[PDB]
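Participant: Coordinates in run-v7.pdb, PDB, C-alpha atoms, are listed below.
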```
ATOM      1  CA  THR S 347      94.889  85.707  90.434
ATOM      2  CA  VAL S 348      92.948  88.409  92.308
ATOM      3  CA  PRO S 349      95.434  91.146  93.270
ATOM      4  CA  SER S 350      96.397  93.051  96.405
ATOM      5  CA  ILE S 351      96.029  96.779  97.105
ATOM      6  CA  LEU S 352      98.186  99.590  98.507
ATOM      7  CA  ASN S 353      96.190 102.418 100.092
ATOM      8  CA  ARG S 354      96.941 106.034 100.927
ATOM      9  CA  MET S 355      95.056 107.770 103.730
ATOM     10  CA  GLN S 356      94.708 111.048 105.591
ATOM     11  CA  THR S 357      97.143 110.740 108.482
ATOM     12  CA  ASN S 358      97.441 112.384 111.896
ATOM     13  CA  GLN S 359     100.740 110.826 113.006
ATOM     14  CA  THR S 360     103.899 112.850 112.476
ATOM     15  CA  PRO S 361     106.178 111.756 109.597
ATOM     16  CA  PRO S 362     109.676 110.553 110.482
ATOM     17  CA  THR S 363     112.784 112.203 109.061
ATOM     18  CA  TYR S 364     114.897 110.492 106.399
ATOM     19  CA  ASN S 365     117.977 111.708 104.551
ATOM     20  CA  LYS S 366     119.186 109.157 101.956
ATOM     21  CA  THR S 367     122.621 109.207 103.545
ATOM     22  CA  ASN S 368     125.720 108.280 101.550
ATOM     23  CA  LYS S 369     129.084 106.769 102.425
ATOM     24  CA  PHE S 370     130.825 110.123 102.788
ATOM     25  CA  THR S 371     128.165 112.032 104.759
ATOM     26  CA  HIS S 372     127.163 109.304 107.239
ATOM     27  CA  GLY S 373     129.461 110.525 110.000
ATOM     28  CA  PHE S 374     128.237 114.107 109.716
ATOM     29  CA  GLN S 375     124.594 113.044 109.654
ATOM     30  CA  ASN S 376     125.234 111.048 112.829
ATOM     31  CA  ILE S 377     126.997 114.064 114.343
ATOM     32  CA  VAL S 378     123.912 116.219 113.839
ATOM     33  CA  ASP S 379     121.594 113.374 114.905
ATOM     34  CA  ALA S 380     123.465 113.158 118.210
ATOM     35  CA  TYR S 381     121.552 116.233 119.454
ATOM     36  CA  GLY S 382     118.066 115.338 118.218
ATOM     37  CA  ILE S 383     116.759 114.451 114.769
ATOM     38  CA  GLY S 384     115.301 117.310 112.768
ATOM     39  CA  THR S 385     111.557 117.674 112.374
ATOM     40  CA  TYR S 386     109.911 116.736 109.086
ATOM     41  CA  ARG S 387     111.524 118.759 106.265
ATOM     42  CA  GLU S 388     113.352 121.369 108.332
ATOM     43  CA  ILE S 389     116.753 122.450 107.051
ATOM     44  CA  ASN S 390     119.392 119.823 107.764
ATOM     45  CA  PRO S 391     122.555 121.210 109.412
ATOM     46  CA  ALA S 392     124.469 118.150 108.146
ATOM     47  CA  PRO S 393     125.420 119.460 104.661
ATOM     48  CA  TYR S 394     126.769 122.679 106.189
ATOM     49  CA  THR S 395     128.487 120.983 109.121
TER      50      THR S 395
ATOM     51  CA  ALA B   2      93.676 103.205  90.331
ATOM     52  CA  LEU B   3      93.399 103.975  94.057
ATOM     53  CA  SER B   4      90.300 106.179  94.349
ATOM     54  CA  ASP B   5      87.464 105.482  96.771
ATOM     55  CA  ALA B   6      85.614 103.838  93.880
ATOM     56  CA  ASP B   7      88.656 101.603  93.329
ATOM     57  CA  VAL B   8      88.671 100.792  97.046
ATOM     58  CA  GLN B   9      85.020  99.800  96.637
ATOM     59  CA  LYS B  10      85.965  97.698  93.591
ATOM     60  CA  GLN B  11      88.569  95.790  95.599
ATOM     61  CA  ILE B  12      86.082  95.547  98.480
ATOM     62  CA  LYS B  13      83.651  93.983  96.004
ATOM     63  CA  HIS B  14      86.336  91.475  95.046
ATOM     64  CA  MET B  15      86.795  90.666  98.745
ATOM     65  CA  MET B  16      83.003  90.445  99.075
ATOM     66  CA  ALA B  17      83.074  87.854  96.299
ATOM     67  CA  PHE B  18      85.844  86.123  98.262
ATOM     68  CA  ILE B  19      83.819  85.964 101.477
ATOM     69  CA  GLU B  20      80.781  84.907  99.445
ATOM     70  CA  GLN B  21      82.820  82.045  97.984
ATOM     71  CA  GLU B  22      84.046  80.945 101.412
ATOM     72  CA  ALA B  23      80.609  81.200 103.033
ATOM     73  CA  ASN B  24      78.724  79.551 100.171
ATOM     74  CA  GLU B  25      81.237  76.708 100.095
ATOM     75  CA  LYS B  26      80.917  76.213 103.854
ATOM     76  CA  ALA B  27      77.113  76.372 103.802
ATOM     77  CA  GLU B  28      76.601  74.076 100.819
ATOM     78  CA  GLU B  29      79.271  71.678 102.110
ATOM     79  CA  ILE B  30      77.569  71.313 105.479
ATOM     80  CA  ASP B  31      74.136  71.192 103.813
ATOM     81  CA  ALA B  32      75.125  68.470 101.325
ATOM     82  CA  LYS B  33      76.747  66.544 104.166
ATOM     83  CA  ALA B  34      73.429  67.040 105.966
ATOM     84  CA  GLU B  35      71.611  65.558 102.968
ATOM     85  CA  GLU B  36      73.953  62.558 102.909
ATOM     86  CA  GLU B  37      73.499  62.158 106.695
ATOM     87  CA  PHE B  38      69.707  62.238 106.298
ATOM     88  CA  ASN B  39      70.109  59.612 103.584
ATOM     89  CA  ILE B  40      72.210  57.258 105.709
ATOM     90  CA  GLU B  41      70.378  57.788 109.033
ATOM     91  CA  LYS B  42      66.930  57.474 107.467
ATOM     92  CA  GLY B  43      68.378  54.421 105.738
ATOM     93  CA  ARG B  44      69.528  52.950 109.048
ATOM     94  CA  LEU B  45      66.120  53.462 110.669
ATOM     95  CA  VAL B  46      64.452  52.054 107.557
ATOM     96  CA  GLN B  47      66.952  49.186 107.771
ATOM     97  CA  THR B  48      65.831  48.405 111.306
ATOM     98  CA  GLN B  49      62.271  48.373 109.968
ATOM     99  CA  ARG B  50      63.359  46.233 106.997
ATOM    100  CA  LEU B  51      65.000  43.687 109.291
ATOM    101  CA  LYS B  52      61.786  43.556 111.313
ATOM    102  CA  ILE B  53      59.826  43.013 108.089
ATOM    103  CA  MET B  54      62.143  40.216 106.938
ATOM    104  CA  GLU B  55      61.972  38.475 110.302
ATOM    105  CA  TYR B  56      58.169  38.632 110.099
ATOM    106  CA  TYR B  57      57.848  37.535 106.471
TER     107      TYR B  57
END
```
So, in terms of structure tokens, how does the structure I just supplied come out?
Facilitator:
Amino acid sequence: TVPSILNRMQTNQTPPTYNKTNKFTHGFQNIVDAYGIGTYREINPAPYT
Amino acid sequence: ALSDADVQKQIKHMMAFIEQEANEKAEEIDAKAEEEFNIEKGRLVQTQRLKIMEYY
């Protein structure tokens, strides 16, 4: 009966990078990932590549 | 809500949880202690009773 809780917090660790890839763009996203994944929220070269 | 006051509210729920666990443990062992006093005092008194019946 008594519920659980989900908590936010001030964080010092660096966020990962995520892209919501789709069927068509997966190969290109991998192509740009091959040389290092972009830092949090920097411009992705995948849509232009 | 997820404010610090809400965190304290959930912490109060968990405090009630630990209070339930601890009170149950303490009163369980204490009531078992009362029953053990009953039966052990009864066994010593039963030794005395058997002595009294032998005598009488």
Participant: Identify all chain B residues at most 10 Å from chain S by counting all atoms listed in the file; ligands do not count. Present them as a ChimeraX atom specification.
Facilitator: /B:2-5,7-8,11,14-15,18
Participant: Hey, what's within 9 Å of range 377-380 of chain S if we count all atoms listed in the file and toss same-chain stuff fewer than 6 positions away? As a PyMOL selection string, please?
Facilitator: chain S and resi 390-392+395
Participant: So, counting all atoms listed in the file, which residue among S:356, S:381, S:386, S:393 is closest to residue 368 in chain S?
Facilitator: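 For residue 368 in chain S, the nearest of the given residues is S:393.
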Participant: As an exercise, work out the distance from CA of residue 16 in chain B to CA of residue 358 in chain S in Å and give it to one decimal place.
Facilitator: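 Interatomic distance, CA of residue 16 in chain B to CA of residue 358 in chain S: 29.2 Å.
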Participant: Hey, can you check how far CA of residue 10 in chain B sits from CA of residue 26 in chain B?
Facilitator: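 Taking CA of residue 10 in chain B and CA of residue 26 in chain B, their separation equals 24.3 Å.
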Participant: Have a look at CA of residue 53 in chain B and CA of residue 37 in chain B and let me know their distance in Å, one decimal.
Facilitator: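 Computed distance, CA of residue 53 in chain B to CA of residue 37 in chain B, equals 23.6 Å.
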Participant: Apply the PyMOL selection byres ((chain S and resi 361) around 9) to the file shown and report the selected residues as a list in words.
Facilitator: residues 359, 360, 362, 363, 385 and 386 of chain S
Participant: Box for range 15-31 of chain B - axis-aligned, 4 Å on each of the six sides, all listed atoms - centre and size in Å to one decimal, as lines of an AutoDock Vina configuration file.
Facilitator:
```
center_x = 80.5
center_y = 80.9
center_z = 100.9
size_x = 20.7
size_y = 27.5
size_z = 17.2
```
